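*Asks:* Encoded as structure tokens, here's the structure I'll be asking about.
Coordinate-derived values only; no laboratory data. Cβ atoms come from the backbone with ideal geometry, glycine included; neighbour counts cover every protein chain shown.
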Amino acid sequence: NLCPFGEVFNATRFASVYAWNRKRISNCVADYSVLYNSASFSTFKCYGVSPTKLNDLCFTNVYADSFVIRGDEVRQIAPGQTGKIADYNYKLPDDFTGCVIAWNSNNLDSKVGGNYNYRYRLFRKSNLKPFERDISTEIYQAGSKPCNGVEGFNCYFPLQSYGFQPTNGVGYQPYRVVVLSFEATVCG
Amino acid sequence: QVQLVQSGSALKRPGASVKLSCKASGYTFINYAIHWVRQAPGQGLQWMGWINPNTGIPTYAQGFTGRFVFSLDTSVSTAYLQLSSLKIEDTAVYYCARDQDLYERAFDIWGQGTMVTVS
Amino acid sequence: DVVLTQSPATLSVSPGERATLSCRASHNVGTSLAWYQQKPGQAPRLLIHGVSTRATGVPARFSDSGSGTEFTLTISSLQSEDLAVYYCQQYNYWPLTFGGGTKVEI
Ligand SMILES: *[C@@H]1O[C@H](CO)[C@@H](O[C@@H]2O[C@H](CO)[C@@H](O[C@@H]3O[C@H](CO)[C@@H](O)[C@H](O)[C@@H]3O)[C@H](O)[C@H]2NC(C)=O)[C@H](O)[C@H]1NC(C)=O
């Protein structure tokens, strides 16, 4: 009973970072050495567990969270970081076990003219709690007289669309991030 | 008319190489990806892989690694395929296909197929 | 890979009755499954992209249904020009995987 890591890492359409996907991985046998010895991922930094001993442990529940961010923003997918992704889209706790997989996907998510399919939350009243998502689309501050459901001057739409083009430099190129989160049902 | 025009047939010896072109006319070539599908005679369709026109990176399936190499020329708007080191069990029809969308990979416009007969 | 199984391998229906072509997927491919039509000798021809969208130039008798791991292609009234081998293709997961095909016969 292999764990379905092949339908988290192979999916054609990943989700946006504001509505990041989440998959329960449970009651299966997980092979993590085939992900370490893959030579495809730019980032496989692991926190709270070492990746070479990952194939021996047993976990209770395993979450696989998948989203697409910018290339200059994979440093914000880390415990205790600050940015516009870790504040408003996807916050990881400080006591975080499990780990983060990122690889370059300019081959898959870049369209000539602008791939405005992935959106990141830009404006939200407070910072996010860890492992919390905010899929609601409501207008920002209204420091003056209220927006009344209408955009414009001094009333801002929260969601900003990523623009991915194949001519962008490495840092504006889209990256596909998978965040494994561990604790027994999932063994090696 | 939107089209994908392929080359003619082939008759090669085992160990030889054949160069199949797939020329795209009627649409902007860089905007849409090109997928290669192989169909053996009396057998189902079997995906080989794809190549990106605006990035140039080829991707291969599980079995079509090594001998099969994709390439393209952007200016004349065509895509190629190297069948290096032909073996006897490569007698098949080789299609090139066009992608409907970036995330809707349904092959809306196909080629005509090049019957690569090897013996 | 996502093994897509089509049952039956061939089906025989009279010219005018409903023909249902099942394509069962190994994993949940969502609603991302295309249906092709390879008439004998010609290139395959796309019929339905995902369960709503039909192609350009396709007759309106072809209808898709199902989502997840169970997909049926339903031809309403069979003509004499719809005798081909119908392949289902998932595109939810890389690599893109085809089915075995279903030889429709009168
Ligand atoms: C997601 O993508 C990966 C990589 O393309 C897929 O991994 C591949 O999985 C297949 C079957 O699970 C492996 O085939 C096996 O190969 C061994 C050794 O050749 C053979 O003994 C078996 O009988 C079987 O044919 C394949 O090697 C493997 N490739 C890699 C690079 O790991 C995975 O299946 C994909 N998942 C989904 C859901 O599409």
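*Asks:* Name the strands (runs of 3 or more DSSP E) wholly inside the stretch C:67-106 in which the number of residues that are more than 16 Å from the ligand (Cβ to nearest atom) is 3 or more.
*Replies:* In the stretch C:67-106, the matching strands (runs of 3 or more DSSP E) lie at C:71-75, C:103-105.
*Asks:* C:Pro40 fails exactly one of the following numbered conditions: (1) within 28 Å of B:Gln62 (Cα to Cα); (2) more than 16 Å from the ligand (Cβ to nearest atom); (3) within 8 Å of another protein chain (Cβ to nearest Cβ); (4) out of contact with any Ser or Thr (no Cβ under 8 Å at 6 or more places or on another chain). What is the number of that condition?
*Replies:* (3)
*Asks:* Let me ask something else about it. Quick check on the stretch C:1-37: of everything there that is within 14 Å of chain B (Cβ to nearest Cβ), among the hydroxyl-bearing types (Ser, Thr, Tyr) and within 16 Å of the ligand (Cβ to nearest atom), which residue is surrounded by the most Cβ atoms within 10 Å (Cβ to Cβ)?
*Replies:* If we take residues in the stretch C:1-37 being within 14 Å of chain B (Cβ to nearest Cβ), among the hydroxyl-bearing types (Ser, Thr, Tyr) and within 16 Å of the ligand (Cβ to nearest atom), then C:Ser32 is surrounded by the most Cβ atoms within 10 Å (Cβ to Cβ).
*Asks:* When you scan the stretch A:22-51, how many residues do you find that are within 15 Å of the chain's Cα centre (by Cα), assigned to a loop (DSSP other than H, G, I, E, B) and buried (at least 16 other Cβ atoms within 10 Å of the Cβ)?
*Replies:* Matching residues across the stretch A:22-51 total 2.
*Asks:* Evaluate the following for A:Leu54: is it farther than 19 Å from A:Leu92 by Cα, surrounded by 15 or more Cβ atoms within 10 Å (Cβ to Cβ) and away from the ligand (no atom under 16 Å from the Cβ)?
*Replies:* On the way: farther than 19 Å from A:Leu92 by Cα: yes; surrounded by 15 or more Cβ atoms within 10 Å (Cβ to Cβ): yes; away from the ligand (no atom under 16 Å from the Cβ): yes.
Taking the combined requirement at face value, the residue satisfies it.
*Asks:* Same structure again: Exactly one of these conditions fails for C:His27: (1) in contact with a helix residue (DSSP H, G or I) (Cβ under 6 Å, 6 or more places away or on another chain); (2) under 16 Å from C:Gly101 (Cα atoms). Give me its number.
*Replies:* (2)
*Asks:* I'd like the full set of residues that are within 14 Å of another protein chain (Cβ to nearest Cβ) and outside any loop (DSSP other than H, G, I, E, B), limited to the stretch A:105-127.
*Replies:* Across the stretch A:105-127, the qualifying residues are A:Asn106, A:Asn107, A:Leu108, A:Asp109.
*Asks:* Something else: Among the strands (runs of 3 or more DSSP E) contained in the stretch B:40-106, which hold 2 or more residues that are over 15 Å from B:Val18 (Cα atoms) and within 13 Å of chain C (Cβ to nearest Cβ)?
*Replies:* B:45-51, B:58-60, B:92-99
*Asks:* For A:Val8, work out the one condition from (1) surrounded by 18 or more Cβ atoms within 10 Å (Cβ to Cβ); (2) away from the ligand (no atom under 14 Å from the Cβ); (3) within 27 Å of A:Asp134 (Cβ to Cβ) it doesn't fulfil.
*Replies:* A:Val8 satisfies every listed condition except (2).
*Asks:* Kindly provide the set of residues from the stretch B:1-27 that are outside any strand (DSSP E or B) and of a type in the set (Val, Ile, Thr), ordered by number. Full working, then the answer.
*Replies:* First, pick out the residues of the stretch B:1-27 that are outside any strand (DSSP E or B): B:1-2, B:7-9, B:13-17, B:20-21, B:26-27.
Matches in the stretch B:1-27: B:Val2 only.
*Asks:* Here is a follow-up. Regarding A:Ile77, is this residue under 29 Å from A:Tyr172 (Cα atoms), touching a strand residue (DSSP E or B) at 6+ places or on another chain (Cβ under 9 Å) and among the aliphatic types (A, V, I, L, M)?
*Replies:* Yes: the conditions hold for A:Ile77.
*Asks:* Only one of (1) of a type outside the set (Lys, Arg); (2) within 13 Å of chain B (Cβ to nearest Cβ); (3) within 13 Å of the chain's Cα centre (by Cα) is not met by C:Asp82, so which one is it?
*Replies:* In the conditions (1) of a type outside the set (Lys, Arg); (2) within 13 Å of chain B (Cβ to nearest Cβ); (3) within 13 Å of the chain's Cα centre (by Cα), C:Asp82 misses (2) alone.
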